[PDB]
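A short worksheet on the structure shown next.
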Amino acid sequence: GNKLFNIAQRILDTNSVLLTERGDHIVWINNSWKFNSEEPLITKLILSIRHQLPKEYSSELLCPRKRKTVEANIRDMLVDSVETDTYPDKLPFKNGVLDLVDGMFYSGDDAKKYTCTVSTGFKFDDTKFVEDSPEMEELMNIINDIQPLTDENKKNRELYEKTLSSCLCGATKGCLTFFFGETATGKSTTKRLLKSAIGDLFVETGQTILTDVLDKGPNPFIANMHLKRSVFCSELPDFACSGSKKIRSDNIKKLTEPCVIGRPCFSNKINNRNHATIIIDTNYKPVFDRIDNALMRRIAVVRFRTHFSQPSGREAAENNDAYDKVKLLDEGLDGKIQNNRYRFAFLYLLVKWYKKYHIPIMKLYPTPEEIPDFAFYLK
Amino acid sequence: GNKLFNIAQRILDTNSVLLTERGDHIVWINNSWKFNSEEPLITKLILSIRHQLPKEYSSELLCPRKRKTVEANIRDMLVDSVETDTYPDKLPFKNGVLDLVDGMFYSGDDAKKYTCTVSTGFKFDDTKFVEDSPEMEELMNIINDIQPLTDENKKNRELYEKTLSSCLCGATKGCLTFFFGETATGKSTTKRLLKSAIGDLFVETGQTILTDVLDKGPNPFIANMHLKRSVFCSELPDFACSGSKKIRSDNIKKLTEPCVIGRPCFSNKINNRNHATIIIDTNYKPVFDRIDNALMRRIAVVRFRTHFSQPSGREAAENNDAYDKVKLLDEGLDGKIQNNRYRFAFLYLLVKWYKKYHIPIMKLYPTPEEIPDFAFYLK
Amino acid sequence: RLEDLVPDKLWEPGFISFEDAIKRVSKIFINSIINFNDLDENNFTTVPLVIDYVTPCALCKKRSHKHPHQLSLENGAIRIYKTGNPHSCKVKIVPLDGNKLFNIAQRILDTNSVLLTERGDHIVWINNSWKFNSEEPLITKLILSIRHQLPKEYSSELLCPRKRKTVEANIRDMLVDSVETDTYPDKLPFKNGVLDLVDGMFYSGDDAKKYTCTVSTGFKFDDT
Amino acid sequence: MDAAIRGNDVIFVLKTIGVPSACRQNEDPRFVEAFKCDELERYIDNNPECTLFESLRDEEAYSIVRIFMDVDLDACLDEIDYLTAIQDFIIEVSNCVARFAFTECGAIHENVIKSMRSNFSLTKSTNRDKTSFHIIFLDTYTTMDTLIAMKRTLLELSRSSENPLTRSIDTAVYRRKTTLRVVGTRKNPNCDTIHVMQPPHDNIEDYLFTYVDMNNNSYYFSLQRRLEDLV
DNA sequence: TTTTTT
Ligand SMILES: Nc1ncnc2c1ncn2[C@@H]1O[C@H](COP(=O)(O)OP(=O)(O)OP(=O)(O)O)[C@@H](O)[C@H]1O
Ligand SMILES: Nc1ncnc2c1ncn2[C@@H]1O[C@H](COP(=O)(O)OP(=O)(O)OP(=O)(O)O)[C@@H](O)[C@H]1O
Ligand SMILES: Nc1ncnc2c1ncn2[C@@H]1O[C@H](COP(=O)(O)OP(=O)(O)O)[C@@H](O)[C@H]1O
Ligand SMILES: [Mg+2]
């Protein structure tokens with residue numbers, strides 16, 4: 001009978017438009033599950049798909065009135081809600097989703113059944129995903145410089161690799177990792193490398209989430225953690241000073257749960273999904289308000305024992321007791337890092353590490369025997 | 001006269017559209033009452049029910065403007081408001097409502113007179129609702145591991161079963177439950193099992209609803225308890241340190257009435273129906289500011305005394321005092337709980353407990369003989 | 001079979017109904033066709049049309065014609081030509097594909113004056129400056145300004161405001177891939193061109209357009 | 001990007017339509033030959049009746065060809081309207097190719113526009129009943145695979161215009177191992193219609209689309225993706 | 001901060 005109704009049926013049954021639990025509509029164009037609350041992209045999808053119809057149906061997809069009618073007819077057919085971001089082992093790029101079970105990369109209709117909302121923000125280029133390359137060699141040299149693979153530093157090396165590789169899967173982490181080390185050691189180097197590797201799925205905020213309550217008033221730092229896969233906590237102030245804020249334990253217990261409670265400004269939605277790995281960049285021994293067995297199983301610490309400096313204070317660096325090896329500082333590193341010269345190389349290294357470690361299941365383990373404050377309670 | 005007016009009359013005759021007290025227009029589609037405020041669902045219902053009309057009337061119901069005219073005619077006939085959620089012994093699903101007095105599961109027209117607004121969000125699968133299944137065996141093993149059925153833990157087990165089963169009926173309760181236990185004892189596992197069991201009728205709000213005034217200004221945490229049948233307040237902070245506000249007895253005494261007071265942001269509605277079974281996940285003994293007879297009769301507490309550990313801390317847990325039994329920790333349990341493996345088995349266990357305990361009437365009784373602060377008052 | 005012979009027919013699906021197609025032809029001949037009843041979907045390319053000349057012919061502006069006209073179908077358009085001496089009457093073509101305003105939107109987007117920036121705005125190109133705005137879109141202004149660089153048969157439709165709104169709506173539905181801006185960092189954008197820095201030459205007009213400079217100093221460059 | 005790819009001064013021509021593939025690979029003098037610009041003129045002068053069909057010698061070795069189009073309108077057009085028709089034809093064509101070169105080829109839009117409207121070579125048929133020509137853009141270089149991909153958008157443009165010249169665009173020539181008749185030769189020994197040059201271009205070097213000479217004003221663009229991912 | 005906006 002009707003003609004535009006069949007067009008709407010064809011748009012619907014191909015499973016291109018979906019309805020989310022919050023009441024928004026997600027569409028599928030440019031090989032990405034993009035959505036806009038203010039600009040409906042349904043008309044764009046209709047005009048883009050007009051090419052896959054019989055010649056007698058295309059002519060009706062030119063009048064803006066007819067496209068609006070088709071959109072209105074489509075909107076009255078989505079009755080059941082659909083939940084998104086259910087697959088925890090898929091890394092979504094702008095032009096497709098890269099699988100992690102076998103390393104293959106899908107695109108188009110293949111990378112569509114996995115309803116991925118967030119994305120890294122940049123396209124995926126398979127030609128730079130090779131294993132042998134000068135960028136690979138330079139990055140391997142950098143990684144072996146920051147964490148030497150000696151028998152004295154074997155467990156620390158593999159723990160560092162595991163913590164870095166955990167920042168890909170979208171499951172719920174259950175431990176907090178401290179990047180505890182001295183100044184000018186290479187913590188920011190790893191932070192920048194990870195930020196270039198994963199891009200948009202990486203945020204860094206202040207230390208207030210550790211020394212403040214998370215319920216009174218708004219908390220925009222919590223709403224920024226929705227569906228993020230890695231959170232870095234830098235600029236942690238020293239605590240041996242006067243009246244310095246102490247790391248509240250309750251925040252640590254509340255930051256490792258599948259749902260963190262907190263509302264952004266001018267909003268009411270109080271639930272948030274916690275897919276983020278929390279890494280804390282401190283400088284000295286962290287002190288808490290109270291130590292208990294409930295805090296014993298949510299703490300992991302890695303050690304950085306390689307200082308970088310210019311030949312000015314070379315002897316001072318060589319004589320210091322907190323270091324293990326000192327090398328020459330480089331200036332162009334921060335230049336080519338921001339140009340993403342080690343973008344896909346670090347991504348391939350991370351994928352290899354993830355396939356090596358967490359292929360059966362994902363689980364982070366604590367290590368309580370690395371801080372003397374936690375060695376006191378050995379009684 | 002007009003043909004579309006007859007369509008509106010026929011749609012009104014089948015009694016699928018109702019006008020609620022708050023001013024919303026609830027519809028009846030896919031065997032479940034649905035509603036929305038920003039985008040009314042009347043046209044969706046019209047298109048869905050198109051098929052149940054005579055031949056000459058169905059073809060008239062495809063043009064969007066004619067559907068809008070039918071909706072406009074419908075909205076001019078709903079003058080009397082109808083109340084909702086009057087049956088407190090029913091568990092509505094996404095494709096019907098499961099009766100609790102005898103275990104039958106109505107659907108379609110039979111499951112329509114029970115005007116239930118909130119729903120679990122998932123469909124009912126009768127194949128997995130059977131008693132005999134390997135999932136049931138695993139769930140029973142886990143439940144017995146968490147709360148062993150010995151004679152020294154008899155009343156505690158009965159209280160645990162009663163409290164967990166009370167989360168199904170949509171009536172008003174009168175006691176608060178404290179899940180007291182040491183570290184890694186099974187509280188969060190029970191919380192996640194219950195959340196997977198009941199689904200949407202389960203929200204988790206912060207601790208702010210207990211120690212802060214809930215009248216001045218907006219408080220969306222109170223506004224999100226509207227018609228929910230279970231509310232969890234996890235991770236109560238300790239009070240042995242200074243700066244932590246005591247638990248306001250006024251707030252507890254104000255959380256056990258059929259209408260709590262609170263408004264969401266940007267709204268003037270100040271009445272919230274209270275069907276919630278409030279359970280507090282604590283780690284330490286609670287402390288209050290005022291104690292009287294009106295408070296000791298509204299507090300109940302169940303104890304978890306089974307510690308799940310790894311072989312590393314076996315001797316530490318064995319010689320502890322807060323534990324009565326040590327068991328091997330499992331890794332896949334936290335993994336496959338989110339996948340909804342023990343959902344229907346736990347639902348069947350809960351309905352069996354409900355029909356065993358609260359079949360004549362539903363009521364909770366306080367047990368003030370466990371808090372030392374109230375033990376002093378037992379003079 | 002015909003698939004290997006030619007992928008062509010006399011009336012493929014997608015074309016308008018034959019009665020509508022003739023109606024468009026009938027409006028071009030301002031006078032009345034005499035033998036109209038001899039036409040159908042199977043002989044309109046052979047039957048000569050004997051026009052009655054009361055008013056001068058709408059095609060060649062002559063008083064009358066010696067011979068009848070005759071239709072022909074090529075590439076999805078009924079070309080109208082006159083038999084006898086071919087140079088006496090000019091050539092008119094009757095399109096029958098689809099919407100005209102859609103063609104206008106396609107050909108305006110073709111000249112690369114409307115772009116979708118990364119942030120989500122709609123930059124335009126008027127008065128030699130990549131000006132843009134969010135609250136007040138300037139797409140209609142761009143249409144009215146660029147009506148000059150289009151064929152004659154498109155100017156008559158870019159005057160009524162509702163047609164321009166329709167063209168704007170069509171344009172907004174074709175921009176699906178975004179383009180980044182401000183790639184060259186050593187250029188100074190002015191209100192009437194872009195000034196280079198490596199050699200001091202000051203470009204303007206189309207030449208100073210490939211440098212997609214969103215911002216501008218706000219004043220004009222005075223070479224004097 | 002060696003020396004041999006920045007130049008191609010060898011011409012591959014045919015001698016009869018419908019040459020079988022076996023004769024083409026064997027490269028027998030009887031049907032196909034190699035030529036230079038000067039030698040081509042001598043051959044045409046010595047054979048005032050011969051027929052030649054310009055085509056590409058090898059596909060995968062050299063795909064670099066100029067931009068060319070074909071027009072065949074079966075109706076005479078008077079001089080003033082012919083001039084007006086050719087102005088709209090170039091404006092629409094130059095824009096359409098530039099848009100495609102910018103959206104799916106990663107090239108700059110304005111460089112393509114300037115390089116096309118500046119220097120173009122036009123032919124003219126000797127027939128009087130119909131108007132046909134071969135417009136070859138002199139300073140726009142690309143691969144043949146680009147023209148094959150461009151075939152779709154060109155066809156859409158030809159069916160969506162009112163100008164008679166641009167509506168009669170021959171979009172079927174764009175295929176694999178195409179053939180373009182050289183100016184100054186017939187189509188068959190029985191035909192009497194040939195193409196003639198037009199001012200100001202006098203050298204025959206301006207009418208062979210296989211002649212590649214990248215000068216200071218030429219532009220190059222091609223696809224980044226290949227013809228197998230474009231399903 | 002919210003409300004007010006918009
Ligand atoms: N019946 C069971 N069989 C096997 N493993 C179990 C069982 N019950 C719990 N576990 C495991 O033992 C641990 C118990 O954690 P639990 O849910 O008690 O933590 P919690 O209440 O959040 O802790 P805390 O009070 O320290 O914050 C988890 O690792 C869980 O997977
Ligand atoms: N140039 C013409 N010469 C002769 N008859 C014509 C001409 N143009 C139109 N007609 C006649 O006019 C009729 C009009 O039919 P048409 O399809 O336009 O119907 P309509 O849109 O329903 O309106 P109406 O019949 O009232 O004009 C045609 O069927 C045809 O017989
Ligand atoms: N392996 C390395 N090779 C060369 N330079 C390095 C290496 N590791 C660190 N650097 C240099 O050290 C400088 C400071 O290190 P940084 O990452 O800031 O340490 P921290 O994070 O502890 O402050 C950086 O500018 C970087 O260029
Ligand atoms: Mg737990």
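Chains: A, B, ... in order of the structure tokens. Residues: from 1 per chain. Ligands: from 1, in order shown.
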
Exercise answer, chain A residues close to chain D, 12 Å and only C-alpha atoms, as an mmCIF file with C-alpha atoms, in the first residue's frame:
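Here's the written file out20.cif:
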data_model
loop_
_atom_site.group_PDB
_atom_site.id
_atom_site.type_symbol
_atom_site.label_atom_id
_atom_site.label_comp_id
_atom_site.auth_asym_id
_atom_site.auth_seq_id
_atom_site.Cartn_x
_atom_site.Cartn_y
_atom_site.Cartn_z
ATOM 1 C CA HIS A 51 21.869 4.175 -2.914
ATOM 2 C CA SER A 107 35.390 -2.668 9.935
ATOM 3 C CA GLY A 108 32.042 -1.829 8.400
ATOM 4 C CA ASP A 125 45.915 2.413 9.746
ATOM 5 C CA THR A 127 50.169 -0.310 7.369
#

Requested in this report: Give as a PyMOL selection string the residues surrounding ligand 4 up to a distance of 7 Å, considering only C-alpha atoms (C1' of nucleotides) and all ligand atoms.
Outcome: chain B and resi 184-189

Please build the interface table for chain A against chain B with a cut-off of 6 Å, listing for each qualifying residue the nearest atom pair and the distance in Å to one decimal; count only C-alpha atoms, order rows by chain and increasing number, and write it as CSV.
residue,atom,partner,partner_atom,distance
A:76,CA,B:44,CA,4.8
A:268,CA,B:220,CA,6.0
A:294,CA,B:183,CA,5.2

Would you save the residues from that selection as a compact mmCIF listing (two decimals), in the first residue's frame, using C-alpha atoms?
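Now in out_15.txt:
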# COMPACT_ATOMS: atom_id res chain seq x y z
CA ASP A 76 7.39 5.16 16.11
CA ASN A 268 20.53 13.92 38.41
CA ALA A 294 40.07 -4.13 53.82

Requested in this report: Using only C-alpha atoms (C1' of nucleotides) and all ligand atoms, find each protein or nucleic acid residue lying at most 9 Å from ligand 2; present the set as a list in words.
Outcome: residues 19, 20, 22, 23, 25, 26, 27, 29, 31, 32, 33, 34, 35, 36 and 37 of chain C

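Atom 21 (O, counted along the ligand's line) of ligand 1 is found 15.9 Å from atom CA of residue B:325.
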
Can you list, as a compact mmCIF listing (two decimals) with N, CA and C atoms, in the first residue's frame, every protein, DNA or RNA residue that comes within 12 Å of stretch 304-313 of chain A when you count only C-alpha atoms (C1' of nucleotides), leaving out same-chain residues fewer than 5 positions away?
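The resulting part25.txt:
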# COMPACT_ATOMS: atom_id res chain seq x y z
N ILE A 142 63.60 2.56 24.64
CA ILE A 142 63.06 3.42 25.68
C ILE A 142 62.48 2.58 26.82
N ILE A 143 61.73 1.54 26.47
CA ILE A 143 61.07 0.71 27.49
C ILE A 143 62.10 -0.04 28.31
N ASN A 144 63.14 -0.57 27.65
CA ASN A 144 64.20 -1.25 28.39
C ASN A 144 65.03 -0.28 29.21
N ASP A 145 65.08 1.00 28.82
CA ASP A 145 65.78 2.00 29.62
C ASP A 145 64.98 2.36 30.87
N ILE A 146 63.67 2.55 30.73
CA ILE A 146 62.86 2.95 31.88
C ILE A 146 62.74 1.81 32.89
N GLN A 147 62.61 0.58 32.41
CA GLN A 147 62.49 -0.60 33.27
C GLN A 147 63.46 -1.67 32.80
N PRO A 148 64.70 -1.65 33.29
CA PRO A 148 65.67 -2.67 32.88
C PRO A 148 65.20 -4.07 33.27
N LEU A 149 65.46 -5.02 32.39
CA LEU A 149 64.99 -6.40 32.57
C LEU A 149 66.08 -7.27 33.20
N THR A 150 66.53 -6.84 34.37
CA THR A 150 67.50 -7.61 35.13
C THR A 150 66.79 -8.62 36.03
N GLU A 152 67.26 -8.90 39.10
CA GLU A 152 66.87 -8.19 40.32
C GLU A 152 65.54 -7.47 40.14
N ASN A 153 65.20 -7.12 38.90
CA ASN A 153 64.02 -6.33 38.58
C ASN A 153 63.14 -7.06 37.58
N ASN A 156 59.06 -6.73 39.05
CA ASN A 156 58.62 -5.36 38.82
C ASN A 156 58.36 -5.11 37.34
N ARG A 157 59.22 -5.64 36.47
CA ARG A 157 59.06 -5.45 35.03
C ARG A 157 57.74 -6.05 34.54
N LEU A 159 55.11 -6.86 36.35
CA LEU A 159 53.98 -6.15 36.95
C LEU A 159 53.70 -4.84 36.22
N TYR A 160 54.75 -4.12 35.83
CA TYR A 160 54.59 -2.91 35.04
C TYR A 160 53.92 -3.22 33.70
N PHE A 178 50.18 2.34 42.32
CA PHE A 178 50.96 3.54 42.61
C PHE A 178 52.23 3.52 41.76
N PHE A 179 52.40 4.56 40.95
CA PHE A 179 53.65 4.77 40.22
C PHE A 179 54.59 5.59 41.10
N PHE A 180 55.01 4.97 42.20
CA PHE A 180 55.80 5.66 43.21
C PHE A 180 57.26 5.72 42.77
N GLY A 181 57.80 6.93 42.66
CA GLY A 181 59.18 7.12 42.27
C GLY A 181 59.62 8.54 42.51
N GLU A 182 60.92 8.77 42.34
CA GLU A 182 61.51 10.08 42.56
C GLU A 182 61.18 10.99 41.38
N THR A 183 61.66 12.23 41.45
CA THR A 183 61.42 13.21 40.40
C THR A 183 62.33 12.95 39.20
N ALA A 184 61.82 13.25 38.01
CA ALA A 184 62.54 13.10 36.75
C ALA A 184 63.05 11.66 36.59
N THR A 185 62.10 10.73 36.65
CA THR A 185 62.40 9.31 36.51
C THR A 185 61.82 8.68 35.25
N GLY A 186 60.68 9.16 34.75
CA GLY A 186 60.11 8.62 33.54
C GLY A 186 58.65 8.24 33.66
N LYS A 187 58.01 8.65 34.76
CA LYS A 187 56.59 8.40 34.97
C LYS A 187 55.76 9.16 33.95
N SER A 188 56.07 10.44 33.77
CA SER A 188 55.38 11.24 32.76
C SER A 188 55.62 10.70 31.36
N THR A 189 56.78 10.08 31.13
CA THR A 189 57.04 9.45 29.84
C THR A 189 56.03 8.34 29.57
N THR A 190 55.81 7.47 30.55
CA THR A 190 54.83 6.40 30.39
C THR A 190 53.43 6.98 30.25
N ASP A 281 50.43 8.76 40.50
CA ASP A 281 51.82 9.20 40.36
C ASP A 281 52.16 10.01 41.61
N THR A 282 52.83 9.37 42.56
CA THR A 282 53.29 10.02 43.77
C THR A 282 54.81 10.20 43.71
N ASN A 283 55.37 10.77 44.77
CA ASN A 283 56.81 11.02 44.82
C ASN A 283 57.42 10.46 46.10
N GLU A 318 74.98 9.87 40.20
CA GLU A 318 75.71 8.62 40.36
C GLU A 318 75.95 8.25 41.82
N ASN A 319 76.01 9.22 42.72
CA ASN A 319 76.26 8.95 44.13
C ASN A 319 74.99 8.79 44.95
N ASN A 320 73.83 9.15 44.41
CA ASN A 320 72.60 9.10 45.17
C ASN A 320 72.23 7.66 45.52
N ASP A 321 71.59 7.50 46.68
CA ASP A 321 71.28 6.18 47.21
C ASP A 321 69.93 5.65 46.75
N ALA A 322 69.06 6.50 46.22
CA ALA A 322 67.72 6.07 45.81
C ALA A 322 67.67 5.57 44.37
N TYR A 323 68.74 5.71 43.61
CA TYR A 323 68.77 5.28 42.21
C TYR A 323 69.50 3.96 42.06
N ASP A 324 69.40 3.39 40.86
CA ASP A 324 70.14 2.19 40.50
C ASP A 324 70.95 2.35 39.22
N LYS A 325 70.59 3.28 38.34
CA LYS A 325 71.33 3.55 37.12
C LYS A 325 70.91 4.91 36.60
N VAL A 326 71.88 5.67 36.10
CA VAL A 326 71.63 7.00 35.56
C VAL A 326 72.17 7.07 34.14
N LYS A 327 71.37 7.67 33.25
CA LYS A 327 71.74 7.81 31.85
C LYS A 327 71.54 9.26 31.43
N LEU A 328 71.77 9.53 30.15
CA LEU A 328 71.76 10.89 29.63
C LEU A 328 70.35 11.31 29.26
N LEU A 329 69.99 12.54 29.61
CA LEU A 329 68.68 13.08 29.28
C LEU A 329 68.60 13.41 27.80
N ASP A 330 67.39 13.32 27.26
CA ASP A 330 67.12 13.63 25.86
C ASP A 330 66.11 14.77 25.78
N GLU A 331 66.25 15.59 24.75
CA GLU A 331 65.39 16.76 24.55
C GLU A 331 64.33 16.55 23.49

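Of all the residues in stretch 184-221 of chain C, the ones DSSP labels as strand (DSSP E) from the backbone are residues 187, 188, 189, 190, 193, 194, 195, 196, 202 and 203 of chain C.
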
Report task. Can you check which residues of chain E have any atom within 12 Å of chain A? Use only C-alpha atoms (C1' of nucleotides) and format it as a PyMOL selection string. Result -> chain E and resi 1-4

Using only C-alpha atoms, which residues of chain D come within 10 Å of chain C, and what is the closest atom pair for each, with the distance in Å to one decimal? Give it as a tab-separated table, sorted by chain and residue number.
residue	atom	partner	partner_atom	distance
D:73	CA	C:74	CA	9.7
D:74	CA	C:81	CA	9.6
D:75	CA	C:86	CA	7.3
D:76	CA	C:87	CA	6.6
D:77	CA	C:90	CA	7.1
D:78	CA	C:87	CA	7.5
D:81	CA	C:90	CA	9.1
D:84	CA	C:151	CA	9.7
D:85	CA	C:151	CA	9.6
D:87	CA	C:151	CA	9.2
D:88	CA	C:151	CA	6.4
D:89	CA	C:151	CA	9.6
D:91	CA	C:150	CA	8.5
D:92	CA	C:107	CA	7.9
D:94	CA	C:111	CA	9.2
D:95	CA	C:111	CA	5.5
D:96	CA	C:110	CA	6.0
D:97	CA	C:110	CA	9.0
D:98	CA	C:111	CA	8.2
D:99	CA	C:110	CA	5.8
D:100	CA	C:110	CA	8.8
D:102	CA	C:112	CA	9.2
D:103	CA	C:177	CA	9.1
D:108	CA	C:210	CA	7.2
D:109	CA	C:210	CA	7.5
D:110	CA	C:210	CA	6.4
D:111	CA	C:210	CA	8.4
D:113	CA	C:111	CA	9.6
D:114	CA	C:207	CA	9.1
D:129	CA	C:86	CA	7.7
D:130	CA	C:86	CA	9.8
D:155	CA	C:75	CA	9.7
D:157	CA	C:103	CA	9.1
D:158	CA	C:75	CA	8.3
D:159	CA	C:75	CA	6.7
D:160	CA	C:103	CA	6.6
D:161	CA	C:95	CA	7.7
D:162	CA	C:93	CA	6.6
D:163	CA	C:93	CA	8.1
D:164	CA	C:93	CA	7.1
D:167	CA	C:75	CA	7.5
D:168	CA	C:75	CA	7.3
D:169	CA	C:75	CA	9.2
D:170	CA	C:75	CA	9.8

**Report entry** Long-range neighbours of residue A:345 as a PyMOL selection string, 7 Å cut-off, only C-alpha atoms (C1' of nucleotides), 2 positions minimum in chain
**Finding:** chain A and resi 129+135-136+342-343+347-349

Query raised in the report: If you measure from atom 13 (C, counted along the ligand's line) of ligand 3 to atom CA of residue A:225, what distance in Å do you get, rounded to one decimal?
Result: 28.5 Å

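Distance check against chain E using only C-alpha atoms (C1' of nucleotides): of C:135, C:114, C:223, C:101, the minimum falls on C:135.
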
Report task. Quick one: pick out all alpha helix (DSSP H) residues within chain C from a backbone DSSP run and write them as JSON, numbers by chain. Result -> {"C": [2, 3, 4, 5, 18, 19, 20, 21, 22, 23, 24, 25, 26, 27, 28, 100, 101, 102, 103, 104, 105, 106, 107, 108, 109, 110, 139, 140, 141, 142, 143, 144, 145, 146, 161, 162, 163, 164, 165, 166, 167, 168, 169, 170, 171, 172]}

Query raised in the report: So which residues touch residue D:11 within 7 Å, counting only C-alpha atoms (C1' of nucleotides), skipping near sequence neighbours fewer than 6 positions away, as a PyMOL selection string?
Result: chain D and resi 34-36+210

Report task. With a cut-off of 6 Å and counting only C-alpha atoms, select all residues of chain C in contact with chain A and give the selection as an NGL selection string. Result -> :C and (13-14 or 173)
